[PDB]
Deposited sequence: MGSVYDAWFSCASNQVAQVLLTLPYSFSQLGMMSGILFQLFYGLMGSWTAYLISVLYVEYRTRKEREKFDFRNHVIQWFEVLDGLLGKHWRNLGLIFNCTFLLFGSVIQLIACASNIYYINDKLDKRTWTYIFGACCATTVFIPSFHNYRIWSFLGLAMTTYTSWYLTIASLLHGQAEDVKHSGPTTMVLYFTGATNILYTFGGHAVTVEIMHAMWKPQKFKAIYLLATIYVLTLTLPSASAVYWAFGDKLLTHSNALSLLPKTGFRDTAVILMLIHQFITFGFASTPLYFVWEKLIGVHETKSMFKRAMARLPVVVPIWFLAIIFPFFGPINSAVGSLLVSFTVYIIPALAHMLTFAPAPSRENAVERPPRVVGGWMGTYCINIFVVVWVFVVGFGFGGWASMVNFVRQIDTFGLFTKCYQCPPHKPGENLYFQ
């Protein structure tokens, strides 16, 4: 519950499986573009985390003026009308569902690389069956105390990727094509957008804190550490391997098979299972609320059926990240929080009586509003329009190439 616990939670939650697909995005963007996009989207994610923190603090203070777990849709209801609550709930639930699908696909892809006898689709079957047991757990929340473990797995995997890439060097056939076409560039930009943001579960972690008013610096440090992890691994992998990453979205596929790779795969699988549980628990909560409900185990069974069907039908490890990042994340973690922050404080009485004043360095309310407008416009233009179009055209291209219900997606 202390500051360190919150930092560990919000640093381990930042990247779970996208760490492997980042070099794939670099294969489309390049070095300079990739690094710039990573830094810019890390700053944007930190800013949106601060916006969510101030919104949650205002809502909690207003509620206290006149236990349970405070969720994002509840905060939106408290600070605005019911239509805002409906929009936030729908977008958050859809994003969490697709994120759970992504984490299951990543688990199947990772497990495929330590036991190649079984294709990736059978691994998806078995991992869906195994993760169906997540319904039994009452709530994966309040168990986040073991987040330092996941942070250790993430940092070890990143440093292993960096070291292995540096040791492997470059072959004579390595060619850094760079930004070949706009579609791939925007798909990579959308993937980097997805990599950061907090994933609409920032409020859940922030609730545990004794004093949530200091979440801004904690999230800033967590995201700067996550950047320090992401930049070297992706940079090394790209510089070493080059355009060959397009045909292999998963970084571990290209690296030589060794004990270190097996340990990294196992640790990433454990981390992805934990992250899937964390992301699916809110869906179970919402389903329980809607349906009116150890009987909960069978009530939550229909919740995992959509996840299982989406993983098998669309096992694309790379393109799915961009699709979710453009269609859902761009509105769930980047636009909705900013719009809510702008609207709640738009009235003068609300702005004057704000519980926490805007940061002095930014420039007060004017600077905060300007940054919110910039965030909204940028995420809507590059994160949704161009990013969404590029991601979806890439997705349909992959559907046409590998087919539907593809077996061992990218299994050369």
| item | value |
| --- | --- |
| Missing CA stretches, deposited numbering from 1, N-terminus first | 1, 68-72, 300-305, 425-435 |
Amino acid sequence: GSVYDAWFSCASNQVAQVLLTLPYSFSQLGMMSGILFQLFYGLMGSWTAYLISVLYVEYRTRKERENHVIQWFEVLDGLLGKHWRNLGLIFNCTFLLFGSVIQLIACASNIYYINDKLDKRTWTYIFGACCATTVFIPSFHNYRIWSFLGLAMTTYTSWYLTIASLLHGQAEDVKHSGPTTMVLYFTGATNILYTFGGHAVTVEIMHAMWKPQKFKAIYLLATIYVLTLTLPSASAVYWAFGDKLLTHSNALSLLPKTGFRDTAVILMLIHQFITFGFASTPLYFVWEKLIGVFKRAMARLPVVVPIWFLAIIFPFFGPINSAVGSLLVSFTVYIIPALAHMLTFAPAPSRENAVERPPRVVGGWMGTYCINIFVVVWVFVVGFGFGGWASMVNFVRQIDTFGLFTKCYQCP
From here on, numbers count along this sequence of modelled residues.
{"item": "Unmodelled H207 in at least one third of other entries with both flanks present", "value": "yes"}
{"item": "Other entries omitting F140, at least a third", "value": "yes"}
